[PDB]
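Residue strings, one per chain:
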2 protein chains.
Amino acid sequence: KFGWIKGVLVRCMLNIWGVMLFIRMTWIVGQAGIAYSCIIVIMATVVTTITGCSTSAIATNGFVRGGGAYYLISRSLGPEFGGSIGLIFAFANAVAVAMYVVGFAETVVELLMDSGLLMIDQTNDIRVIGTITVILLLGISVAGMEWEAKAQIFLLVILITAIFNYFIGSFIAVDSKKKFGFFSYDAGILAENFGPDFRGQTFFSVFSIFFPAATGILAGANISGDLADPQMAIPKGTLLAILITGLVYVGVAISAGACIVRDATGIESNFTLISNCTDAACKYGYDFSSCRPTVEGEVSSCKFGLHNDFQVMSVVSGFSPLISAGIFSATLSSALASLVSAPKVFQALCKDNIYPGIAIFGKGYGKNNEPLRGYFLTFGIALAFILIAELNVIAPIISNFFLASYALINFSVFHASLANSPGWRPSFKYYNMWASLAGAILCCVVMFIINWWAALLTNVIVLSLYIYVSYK
Amino acid sequence: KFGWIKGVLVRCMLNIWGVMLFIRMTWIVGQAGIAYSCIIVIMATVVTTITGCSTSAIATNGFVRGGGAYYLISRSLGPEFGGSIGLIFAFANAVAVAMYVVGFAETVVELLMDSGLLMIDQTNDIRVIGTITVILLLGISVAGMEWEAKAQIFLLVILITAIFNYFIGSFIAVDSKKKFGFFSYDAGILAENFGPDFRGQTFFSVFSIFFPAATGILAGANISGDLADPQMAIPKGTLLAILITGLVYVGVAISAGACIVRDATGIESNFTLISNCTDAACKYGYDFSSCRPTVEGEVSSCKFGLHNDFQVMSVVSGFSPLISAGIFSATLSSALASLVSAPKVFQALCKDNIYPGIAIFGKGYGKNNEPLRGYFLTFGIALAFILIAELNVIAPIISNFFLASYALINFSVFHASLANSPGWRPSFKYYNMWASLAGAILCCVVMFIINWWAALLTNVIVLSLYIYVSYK
Ligand SMILES: CCCCCCCC/C=C/CCCCCCCC(=O)O[C@@H](COC(=O)CCCCCCCCCCCCCCC)COP(=O)([O-])OCC[N+](C)(C)C
Ligand SMILES: CCCCCCCC/C=C/CCCCCCCC(=O)O[C@@H](COC(=O)CCCCCCCCCCCCCCC)COP(=O)([O-])OCC[N+](C)(C)C
Ligand SMILES: CCCCCCCC/C=C/CCCCCCCC(=O)O[C@@H](COC(=O)CCCCCCCCCCCCCCC)COP(=O)([O-])OCC[N+](C)(C)C
Ligand SMILES: CCCCCCCC/C=C\CCCCCCCC(=O)O[C@@H](COC(=O)CCCCCCCCCCCCCCC)COP(=O)([O-])OCC[N+](C)(C)C
Ligand SMILES: CCCCCCCC/C=C\CCCCCCCC(=O)O[C@@H](COC(=O)CCCCCCCCCCCCCCC)COP(=O)([O-])OCC[N+](C)(C)C
Ligand SMILES: CCCCCCCC/C=C\CCCCCCCC(=O)O[C@@H](COC(=O)CCCCCCCCCCCCCCC)COP(=O)([O-])OCC[N+](C)(C)C
Ligand SMILES: CCCCCCCC/C=C\CCCCCCCC(=O)O[C@@H](COC(=O)CCCCCCCCCCCCCCC)COP(=O)([O-])OCC[N+](C)(C)C
Ligand SMILES: [Cl-]
Ligand SMILES: [Cl-]
Ligand SMILES: [Cl-]
Ligand SMILES: [Cl-]
Ligand SMILES: [K+]
Ligand SMILES: [K+]
């Protein structure tokens, strides 16, 4: 049995911190402003805080022993909400595996292209490296699960040293790191980056790429049978990990916006103060014109800055090669946590014969009854999406399915509080049914703003799976 | 008590034939093709045929005496579906009143501008004439309802003479009617108009303006307490009126497309055969170039043809002034049928205290207990939408709310057949629950394609009104 720190807090902080922390935060401050990106982080934190209060209200409804994620939901609420939440959550983690390993493969491909190693084109090397790293992540999940419970504190002390490396490298003004952007903390760059640019995107198109960085909060409730006291561990670690990771996202956004310019040519300039005809806040001798795009229907033909290079946190970092290779720790820990959590929920769902034909993905081979057909189905669903070797098209799909699962959780606890269900007495201090209704309406409306036909498909599927289990 | 002809068939044919028959059919053949407009008419006929089978399945579920539209639905199915169908249907007819009288006012304004009568600008004369014609339509509904039961056969023999006037004026080739478009039935014009143009619109933007011409099919079920035998009158007249009006729409579309060109300058040409350098199917001596638009982001600066003038059926007609002033008959009959049917449903809903605060719109003043507060609320909701003095922005709203009401009817009969409701034995020969489910899914998907945020608002409102009445 684990305590609340090592069993809930470290698990949720390792699942939440993933691709977008080191790869795509600076791009989000580049597209939006500092103000709009802080509004984005606060909105995702509001959604996940309401869903964390709803999950805590489920977890404090009696039912200590014999836990899990599907078990608590399907036993506090009915099977109609429980089966649909289980199916949508299993599919969401199975598709999130692809997002994390595509981010890992993109980082490895850019590290190879900084050297001379280049086999095929850039979008085909992500398909090759992403395929090798998901058939190796599959082998760990079915043969090496014992060491993974010890390795997670190792992964967390790699990740926090990466974050501290970035934050203390921001204050060190290096003259060689100019021409890649990155001057010191400056007021001119802070005023220039305070306000949107949206060079090909929109608000709610940048939100759909941020919001996978806020998911992963049900990693503590996914192990309730391995906790000491789940009534006190699940509301503590979840709502603490949400606060810690949200504050690190806000700090990364403000710190990236206040010291890096949006565009930069990677050519140094001999001047130290440019002729007074630009006034574009680079008074340090750098003229970063002829990189802003001409028309308002094209991307910039630059190579560095906040808008362009995707890896500028390795430039800002004091020791970029090894310490800011906590990208590997973050992405592989989140992908491995999502590779073992999607067949687990699906095997727990396929043991109650709720849905007719899926009952063959429940036969756990071996001694611990690990679902091997579930692992191979998750590997197939992940490998279908790795072949879309682009993160910015995978991430709105994950955002859609996680907003659907969180909306279903919030609406199910609202409906159980409203309907006066027989076994529903949630003794949690910060649970209100109208906050859950507000969170469900907010998740559904944002899911429709992001992409309306995928939202309509997901809502029709969830309504069909509810009406099927009602009249059975 | 009425028979099935005079009580159902004439009522449904007068409610269905409305604005779009004489005003906006030729514009729909102008924007789309002949093929796409026939596909549009067949889709609207499929939706209304499935909804007519569902309404017949409700109407054959016992319950002869003491009828109405709200009564049959709320007594065969529950109050949860019945109250929401009643509210959405009351709002749909209350807003459709504005569409019919805005079409009437637009016709009267164009007839005045063909003369010298012009008080204010064109969009402000529709607001003035549309306001006078809805406070005069209100006086008939509360003081002259006795003569209206005799006047409807008069209105129908005006309307069918208008239709025959158009269809026999199509075959009469008049040389003076050229330069307004309108050559004879020609193969070149039929081949030229066979294929879309979409000069500012899209498919499903032209469908949203057509589909109010297919609504009005519940005008026979809205009077079940005044019928002789509603078990045999409501499935007969509804499904016959749908077929008759759909065939007249298909005939009008094909006949308009095969004899009128899309653009035309209203200037006659002395030539009888133009120099062979255009080949634009007007070999009759007319050169209708310099009216096609240059860029693909603007409307044509022409004045006549299928795309432009909105009143070309009065040009094709043999006697345009009096007989093709069946526009007044069609629009005023449909507006008067929707002004007496929205307070009726709403007063029947406000007598069962389902929704809390609306109970004051049920107190019928007078001897027949006509709901006067309901009439004034319908007049207010209509007059709010008449001030948007443009038909092409009113008509997608009516399309949204009627697709919502028809989707609710189809889903309610599917859900009652699936759930095995206690008093649900629909002895109708052509009712199937999967056809009703297909009609409900089709109406919901089309409602989302037309406008997604209005569809999301309507679906959230209907979901809230269902969950309110369930847990009361
Ligand atoms: C403005 C307002 C607009 C409103 C418009 C409405 C909105 C539109 C809403 C539309 C909602 C559609 C609801 C459909 C209802 C399903 C039919 C059903 O209930 O079961 C039927 C089919 O039984 C089966 O064998 C099929 C089992 C799966 C069917 C559902 C999953 C399909 C979607 C998931 C796809 C895969 C997902 C998995 C991968 C992610 C039962 O058959 P039976 O013979 O009748 O059983 C008799 C027993 N009984 C009488 C007691 C019942
Ligand atoms: C955009 C426009 C879309 C238009 C098409 C939309 C597709 C929807 C169209 C659906 C219509 C097609 C299904 C009909 C099949 C019936 C087979 C049959 O005849 O046997 C039996 C059914 O028993 C069955 O086996 C039913 C199997 C179908 C269940 C799945 C329903 C579709 C779920 C949809 C999920 C959402 C779909 C989207 C999700 C991805 C006969 O029925 P019965 O049980 O005997 O009861 C009859 C009793 N009578 C005796 C009352 C008096
Ligand atoms: C992918 C999946 C994503 C899923 C996301 C899903 C998200 C979709 C979101 C869907 C939102 C739907 C949920 C909201 C419904 C709540 C109803 C309610 O709470 O009322 C309750 C109180 O409230 C009141 O008394 C208010 C007064 C009546 C207002 C009617 C409700 C609001 C309707 C607004 C429409 C405006 C219409 C304007 C035109 C008229 C009823 O009070 P009660 O009677 O005491 O009930 C006690 C029950 N008991 C006795 C058993 C204890
Ligand atoms: C769009 C994106 C952003 C969306 C965000 C905004 C979206 C709006 C979302 C949510 C809005 C929040 C509503 C706040 C209501 C608080 C009033 C109150 O305390 O009532 C209470 C006082 O009991 C009474 O004295 C009766 C008062 C009327 C009941 C209020 C119901 C409001 C229905 C609103 C219908 C909304 C339909 C929505 C349709 C659109 C009654 O309940 P209770 O006693 O507290 O029960 C506690 C039981 N428990 C102890 C087990 C927990
Ligand atoms: C009136 C009530 C206000 C509610 C405010 C609540 C907070 C709202 C906050 C903020 C409001 C939204 C501001 C930004 C608008 C979205 C811009 C955008 O991204 O385009 C969008 C739509 O394109 C449109 O047409 C947008 C038109 C406005 C719709 C949004 C308001 C309706 C809110 C809901 C009304 C229901 C209310 C439910 C009950 C409460 C996206 O277009 P797409 O084609 O789908 O994307 C394709 C994606 N792809 C590229 C990957 C393929
Ligand atoms: C199977 C049941 C499963 C249920 C779920 C299925 C998922 C849904 C299935 C299908 C949805 C497919 C739509 C994707 C559109 C691409 C993105 C886009 O452009 O959005 C636009 C599409 O609005 C348009 O009209 C654009 C022009 C046509 C584009 C294709 C329409 C559908 C094609 C044929 C499909 C035939 C479907 C079958 C019907 C015969 C949105 O813009 P808007 O909404 O128009 O804004 C209006 C605002 N205004 C009023 C202020 C102007
Ligand atoms: C885009 C819109 C945004 C929101 C999307 C919604 C997301 C949907 C996801 C989750 C929401 C779940 C929906 C229902 C909520 C439960 C409340 C309820 O209905 O209680 C009822 C149960 O319900 C039933 O028994 C059958 C469900 C019928 C719902 C029909 C809604 C029609 C509105 C169409 C508009 C929606 C169109 C959606 C778009 C196509 C009554 O409770 P009971 O007495 O306990 O019943 C016992 C019966 N039993 C013994 C057999 C078990
Ligand atoms: Cl992430
Ligand atoms: Cl999660
Ligand atoms: Cl009409
Ligand atoms: Cl109707
Ligand atoms: K994450
Ligand atoms: K009509």
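Residues numbered from 1 in each chain as written, not as in the entry; some residues may be left out. Chains lettered and ligands numbered in written order. Heavy atoms only, no water.

For this coordinate set, the PDB header names cryo-EM as the determination method and states a resolution of 2.9 Å.

## As for the interface of chain A and chain B
Spelled out, the test is: Residue contacts are counted whenever heavy atoms from the two residues lie within 4.5 Å of one another. What gets called buried area is simply the loss in accessible area from a 1.4 Å probe that two parts show on being joined, summed for both. Here, a salt bridge means any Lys or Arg side-chain nitrogen found within 4 Å of an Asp or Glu carboxyl oxygen. In protein, a polar contact means a hydrogen-donor-capable atom and an acceptor-capable atom, both N or O and within 3.5 Å, with residues adjacent in sequence counting only if both atoms are side-chain atoms; elsewhere, any N or O pair within 3.5 Å suffices. Note on conventions: DSSP H or I runs of at least 4 residues are helices, E runs of at least 2 residues are strands, and numbering of each starts at the N terminus. Note that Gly is not counted as nonpolar here; it falls among the polar residues with everything else outside the nonpolar set of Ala, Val, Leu, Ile, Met, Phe, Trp, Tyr, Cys and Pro and the charged set of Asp, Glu, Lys and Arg.
If you look at the interface, chain A gives 11 residues, while chain B gives 11 residues. When the two sides are added together, the surface that chain A and chain B hide from each other amounts to roughly 1,200 Å², 89% of it contributed by carbon and sulfur. Here chain A and chain B share zero salt bridges between them. At the junction of chain A with chain B, the criterion picks out two residue pairs in polar contact. Counting residues per element, the ones that place at least two in the side of chain A that touches chain B are α16 (391-419), α17 (433-450) and α18 (452-470) of chain A. Take the side of chain A that touches chain B: its biggest share by element is four residues, from α16(A). In terms of residue class, the side of chain A that touches chain B is built from 10 nonpolar, one polar and no charged.

## Points about unusual backbone geometry
Operational definition: A simple rule labels every residue: compare its accessible area, found with a 1.4 Å probe on the protein chains alone, to the largest value its type can have, and call it buried under 20%, exposed over 50%, or partly exposed in between.
Backbone geometry places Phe182(A), a non-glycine residue, at a positive phi of 55°. Taking the relative accessible area as the measure of exposure, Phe182(A) reaches 1% and is therefore buried. For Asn369(B), which is not a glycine, the phi torsion comes out positive at approximately 55°. Tracing the sequence through the fold places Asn369(B) in the loop between α14 (342-349) and α15 (372-386). We classify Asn369(B) as partly exposed; its relative accessible area is 37%.

## Some remarks on the site of ligand 3
So the rule is basically this: Being near a molecule or strand, for a residue, means having at least one of its heavy atoms within 4 Å of it. All accessibility values rest on the Shrake-Rupley procedure with a 1.4 Å probe; residue burial counts only the protein chains present in the view.
As a matter of local geometry, ligand 3 sits amid 17 residues, with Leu418(A), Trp434(A), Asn459(A), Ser464(B) and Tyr471(B) nearest to it. Site remark: ligand 3 is flanked by residues from chains A and B. Interatomic distance of 3.1 Å between a backbone N/O atom of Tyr471(B) and an oxygen atom of ligand 3. Contact with the protein chains covers 63% of the free accessible surface of ligand 3, which is 1,300 Å². Among the elements that line the shell around ligand 3, the one with the most residues is α16(A), at five residues. Split into classes, the residues belonging to the shell around ligand 3 amount to 13 nonpolar, three polar and one charged.

## What to know about the relation of the copies chain A and chain B
What counts here: The copies are aligned by least squares, using only their C-alpha atoms.
You can overlay chain A on chain B at an RMSD of 0.0 Å; the transform is a turn of 180° with a shift of 0.1 Å along its axis. Here the symmetry operator amounts to a two-fold rotation axis. Considering only C-alpha atoms, the residue of chain A closest to the rotation axis is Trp452(A), which sits at 3.5 Å. Both copies share a contact surface, since 100% of the interface residues of chain A are interface residues in chain B too.

## As for the packing of aromatic side chains
Stated formally: Ring pairs shown here join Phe, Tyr and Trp side chains whose ring centres sit within 6.5 Å, with only the six-membered ring taken for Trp; geometry is labelled stacked below 30 degrees between planes, edge-to-face above 60, and tilted in between. Counting as a charge over the ring demands two things of the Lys NZ or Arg CZ atom: a distance within 6 Å of the ring centre and an angle within 35 degrees of the ring normal.
Evaluated as defined, the whole model comprises 55 aromatic pairs over all chains. When the ring of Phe411(A) is compared with that of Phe414(A), the centres are 5.7 Å apart and the planes differ by 50°; the resulting orientation is tilted. Placement of the pair is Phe411(A) and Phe414(A) together in helix α16, with a separation of three residues, close to one helical turn. Where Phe207(B) meets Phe211(B), the ring centres are 5.9 Å apart and the plane angle is 25°; that geometry is what we call stacked. According to the relative accessible area criterion, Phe211(B) is buried, its value standing at 0%. Among the aromatic residues, those joined into a ring-pair cluster are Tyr36(A), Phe89(A), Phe198(A), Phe203(A), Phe204(A), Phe207(A), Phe211(A), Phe402(A) and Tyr406(A). Against the face of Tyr71(B) rests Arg75(B), its NZ or CZ located 5.0 Å from the ring centre.

## Structural notes on the coordination of the potassium ion (ligand 13)
Residue and element names in this part refer to chain B. Note the cut-off: Water is absent from the atoms considered, so a metal site may look incomplete; donors are defined as N, O and S atoms within 2.8 Å of the metal, or 3.2 Å for Na, K and Ca.
Coordination of the potassium ion (ligand 13) by the protein comes from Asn 15 (O), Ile 16 (O), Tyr 100 (OH), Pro 212 (O) and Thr 215 (O), over a distance range of 2.8 to 3.2 Å. Sequence spacing of the donor residues for the potassium ion (ligand 13), all on one chain, is N-I-x83-Y-x111-P-x2-T. Residue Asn 15 is found in helix α1 (residues 4-16), and its partner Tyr 100 is found in helix α5 (residues 79-114); the two are separated by 85 residues along the sequence. On the basis of relative accessibility, which here comes to 3%, the residue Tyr 100 falls in the buried class.

## A few points about the packing of α5(B) against helix α13 (residues 327-339) of chain B
All names here are of chain B. So the rule is basically this: Angles shown run from 0 to 180 degrees and are taken between the N-to-C directions of axes, each axis being a line fitted to C-alpha atoms and, for helices, limited to the stretch in contact. Roughly parallel covers angles under 35 degrees, roughly antiparallel covers those over 145, roughly perpendicular covers 65 to 115, and oblique covers all other angles. Note on convention: the crossing is left-handed when the near helix lies turned anticlockwise from the far helix by less than a right angle, right-handed when the turn is clockwise.
It is the contact of α5 with α13, at a shortest axis distance of 8 Å, that shows an interaxial angle of 155°. If you check the angle between α5 and α13, you find them roughly antiparallel. Of the two possible hands of crossing, α5 and α13 adopt the one that is left-handed. The residues of α13 that touch α5, namely those facing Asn 93, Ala 96, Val 97, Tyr 100, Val 101, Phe 104, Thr 107, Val 108 and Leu 111, are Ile 327, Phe 328, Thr 331, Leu 332, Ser 334, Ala 335, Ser 338 and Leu 339. Counted by class, the contact of α5 with α13 contains 12 nonpolar, five polar and no charged residues.

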